[PDB]
Amino acid sequence: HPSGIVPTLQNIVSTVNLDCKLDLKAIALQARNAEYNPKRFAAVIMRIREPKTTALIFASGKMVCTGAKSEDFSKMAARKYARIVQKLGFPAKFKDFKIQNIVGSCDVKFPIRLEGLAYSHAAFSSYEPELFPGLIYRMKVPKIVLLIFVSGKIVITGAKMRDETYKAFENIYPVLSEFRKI
DNA sequence: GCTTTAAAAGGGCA
DNA sequence: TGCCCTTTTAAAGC
């Protein structure tokens with residue numbers, strides 16, 4: 001972090017394979033923290049308080065865990081959901097846990113000339129303020145999307161490893177500085 | 001409460 | 001096919 005700023009992780013999306021068929025209607029009735037409407041979505045939605053997360057549990061045994069603040073917390077929450085399911089009578093395992101997306105944010109503490117930035121990086125930028133206030137920066141190396149705001153606040157998403165989040169930010173920092181709004 | 005970004009999982013449907 | 005279905009999260013401006 002040569003910039004001296006470390007992006008704060010805000011959301012983690014992970015998946016794990018409980019590796020066994022699940023009866024969603026049965027889980028929905030037995031569990032307390034569950035909501036299920038197959039007419040609306042194919043998953044049983046369940047939430048736990050710590051780590052604060054929301055899981056999407058499918059009949060196939062696959063599961064998505066969202067909302068955690070770190071990879072470890074995401075794994076811890078997913079394991080907690082796996083236990084809830086096991087305790088409900090299913091032979092759940094914890095197969096192929098994988099971090100699918102990491103979302104982070106930081107503040108460079110200086111305003112940015114978005115249009116000027118967008119113009120000099122047309123091949124990576126999308127800036128249509130009338131639709132969304134942030135400039136969409138699609139970085140190719142690492143393959144990460146940064147939402148750059150006039151305030152100097154930045155959102156960095158698309159990473160499967162936190163080093164990608166940090167690297168994309170370090171890569172953008174000198175560009176942000178070049179376009180500092182005086 | 002909406003807009004925008006990323007990602008995963010599945011059923012529905014044109 | 002292809003893509004929305006839903007869920008999470010930050011941001012600024014409407």
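To find a chain, count down the sequence lines: A is the first, B the second, and so on, and within it residues start at 1.
- Remark: the backbone N or O of A/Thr54 is paired with a side-chain donor or acceptor of A/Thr66 at under 3.5 angstrom.
- At C/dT6, none of the side-chain N or O atoms of A/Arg47 fall inside 4.0 Å of OP1 or OP2 (strictly under the cut-off).
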Inset, instruction - Would you please test A/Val16 and A/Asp96 for side-chain contact (heavy atoms from CB on, under 4.5 Å) and show each step? - result: CA-CA 5 Å; A/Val16 60; A/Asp96 305 322; over 6 Å; no
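- Ring geometry, A/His1 versus A/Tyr166: the interplanar angle exceeds 60°, so the pair is classed perpendicular (tilted spans 30 to 60°).
- Scanning residues 56-65 of chain A for heavy-atom distances under 4.0 Å to DNA chain B yields A/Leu56, A/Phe58, A/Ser60, A/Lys62, A/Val64.
- With sequence neighbours left out, A/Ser74 forms a side chain to side chain donor-acceptor pair (under 3.5 Å) with A/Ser14.
- When side chains are defined from C-beta on, A/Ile154 does not count as touching A/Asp107, because their heavy atoms never get closer than 4.5 Å.
- Of the residues in residues 145-158 of chain A, A/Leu147, A/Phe149, A/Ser151, A/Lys153, A/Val155 come within less than 4.0 Å of DNA chain C through at least one heavy atom, sorted by number.
- Around atom NZ of A/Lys93, more than 12 heavy atoms belonging to other residues, nucleotides or ligands sit under 6.0 Å away.
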Legend entry - Worked verdict on A/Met139 versus A/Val145 for side-chain contact (heavy atoms from CB on, under 4.5 Å): CA-CA 6 Å; A/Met139 189 172 285; A/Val145 177; over 6 Å; no
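- Checking side-chain atoms of A/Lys69 against main-chain N and O of A/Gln10 turns up a donor-acceptor pair under 3.5 Å.
- To the nearest whole angstrom, the two P atoms, one in C/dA12 and one in B/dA7, are 23 Å apart.
- Using a 4.5 Å cut-off on side-chain heavy atoms (C-beta onward), A/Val150 and A/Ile112 make no contact.
- Contacts between residues 92-112 of chain A and DNA chain B, defined by a heavy-atom separation under 4.0 Å, are made by A/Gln100, A/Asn101, A/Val103.
- Distance OG1/A/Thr15 to NZ/A/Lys62: 8.0 Å, rounded to 0.5 Å.
- Annotated as anti: B/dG11, whose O4'-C1'-N torsion sits more than 90° from 0.
- The stretch residues 168-182 of chain A has no heavy atom under 4.0 angstrom from DNA chain B at all.
- Using modelled atom types, no side-chain atom of A/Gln100 and backbone atom of A/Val13 make a donor-acceptor pair closer than 3.5 Å.
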Any protein N or O atoms within reach of nucleotides 12-14 of chain B? Criterion: under 3.5 Å, listing atom names and distances.
none

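- Regarding A/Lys160, its NZ atom lies at a distance of 20 Å from the P atom of C/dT8, rounded to whole Å.
- Contact check, A/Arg40 against C/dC5: no side-chain N or O comes under 4.0 Å of OP1 or OP2.
- Counting only residues at least two apart or on different chains, the ring-ring contact (aromatic ring centres under 6.0 Å, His included) pairs with a member in residues 38-64 of chain A are A/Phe41-A/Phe58.
- A centroid separation of 6.0 Å or more is found between the aromatic rings of A/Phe110 and A/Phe179.
- Here the options are A/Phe149, A/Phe169, A/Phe124, the test is ring pair (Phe, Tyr, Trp, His ring centres under 6.0 Å), and the partner is A/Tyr137; only A/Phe124 passes.
- At whole-Å resolution of the value, CZ in A/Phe41 and P in C/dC4 are 13 Å apart.
- Note on A/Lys69: only backbone sugar-phosphate atoms sit closer than 4.0 angstrom, heavy atoms only; bases stay farther off.
- Comparing the P positions of C/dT6 and B/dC13 gives a spacing of 15 Å, expressed to the nearest Å.
- Between A/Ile136 atom CD1 and C/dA12 atom P the separation is 14 Å, expressed in whole Å.
- Contacts of residues 5-18 of chain A with DNA chain B (heavy atom under 4.0 Å): A/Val13, A/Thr15.
- Using a 4.0 Å cutoff on non-hydrogen atoms, the parts of residues 127-135 of chain A near DNA chain C are A/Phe132, A/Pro133, ordered by number.
- Nucleotide C/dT7 holds its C1' atom 13 Å from the NZ atom of A/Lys52, rounded to whole Å.
- Residues meeting the side chain to side chain donor-acceptor pair (under 3.5 Å) test with A/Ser3, sequence neighbours left out: A/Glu170.
- At a threshold of 4.0 Å, the pair A/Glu35-A/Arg47 counts as salt-bridged, since one of the basic side-chain nitrogens sits closer than that to a carboxylate oxygen.
- Judged by distance alone, with hydrogens and angles left aside, the side-chain atoms of A/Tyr81 form a donor-acceptor pair with the main-chain N or O of A/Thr53 at under 3.5 Å.
- For A/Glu164, the salt bridge (charged side-chain N to carboxylate O under 4.0 Å, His left out) test picks out no residue, with sequence neighbours left out.
- Summarising the local packing, NZ of A/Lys143 is surrounded by 12 or fewer heavy atoms from other residues, nucleotides or ligands at distances under 6.0 Å.
- Pairing partner, B/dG10: none, since no Watson-Crick or wobble contact has both distances short of 3.5 Å.
- Spacing of P atoms, C/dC5 relative to B/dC2, comes out at 13 Å, to the nearest Å.
- Atom CE of A/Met63 and atom CE of A/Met46 lie 9.0 Å apart (nearest 0.5 Å).
- One P atom belongs to B/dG10, the other to C/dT9, and the distance between them is 23 Å to the nearest Å.
- With values rounded to the nearest 0.5 angstrom, A/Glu115 atom CD is found 11.5 Å from A/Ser125 atom OG.
- In this structure, CG of A/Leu114 is placed 12 Å from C1' of C/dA11, rounded to the nearest angstrom.
- South puckering is assigned to the sugar ring of C/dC4, since its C1'-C2'-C3'-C4' angle is below zero.
- C/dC4 and B/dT3 have their P atoms separated by 13 Å, given to the nearest Å.
- A/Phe94 and A/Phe97 have parallel rings, their planes meeting at less than 30° on a 0 to 90° scale where 60° marks the start of perpendicular.
- Atoms CD1 (A/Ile45) and P (C/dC5) sit 14 Å apart, rounded to a whole Å.
- As a whole-Å value, the separation of A/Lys143 NZ from B/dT5 P is 13 Å.
- Here B/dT4 counts as north. Its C1'-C2'-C3'-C4' torsion is positive.
- As rounded to whole Å, 12 Å separates atom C1' of B/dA9 from atom CG of A/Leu24.
- Think of A/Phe73 as one node in a network of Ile, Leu, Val, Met, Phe, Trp and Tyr side chains linked at under 4.5 Å; its network also takes in A/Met76.
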